């Protein structure tokens, strides 16, 4: 009775929550550059996830204490009547860390809040983390960052989506936002409501990888290709078909 086309049950009362932690500026003593264009990423994601039925909650430039407080709140609330959970980090990072305004936080302690034991109401439901984070260097310009955040998985029924893999480069337009987020949001717009979500992330991999880097205004940006990846521990096909209003 094992079914090769089994779908996650996506017929709960609510789609669920999408958190977006948006980080544009950092405490002076961290000496991290501003992420001009991140607000376009935040707004584009808010529209696309909202249109798929998510209750989107955005937070701008939280300090570590506030960020840990919000994400613990969301993890200890009931998801019993929700299909799934989405969490987005738009920041700088290094290895297994993301930067809040004032300090780095271990990604595993954030994903850990939504694992089986700690969040019973999300057991067997998709938990999707999207991470646009790279190394902070030091009218619509393209800024380019080295990959820095480990493309780690997170546990049963987690999907971890990364803007860039080791040895590649992350691009952000200061007005239009991140290449990865622009291409993710275009694909959510056209295909989010019909295509299997990993099939859609594969389109994003193609779109981002096909962006040409041979004729760049800045000569030092030439050859710096971007290739995203995703680490799936999903156990079923994931669709975001339109819900009953």
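Positions refer to the first chain, counted from 1.
- Compared with other entries of the same protein, residue 138 falls in the group left without coordinates by at least a third of them, where both flanks are modelled.
- As listed in the deposited structure, the average C-alpha B-factor of 216 to 224 and of 188 to 196 is greater for 216 to 224.
- The mean Cα B-factor in the deposited entry runs higher for 115 to 123 than for the other of 115 to 123 and 102 to 110.
- Ranked against the other modelled residues of its chain, the C-alpha B-factor of residue 23 as given in the entry falls in the lowest third.
- Looking at the C-alpha B-factors along this chain, the one for residue 154 belongs to the highest third.
- When the CA B factors of the chain's modelled residues are split into thirds, the value for residue 69 lands in the highest one.
- In this PDB entry, residue 135 carries a Cα temperature factor that places it within the highest third of its chain's modelled residues.
- Remark: residue 84 belongs to the highest third of its chain, ranked by C-alpha B-factor as recorded.
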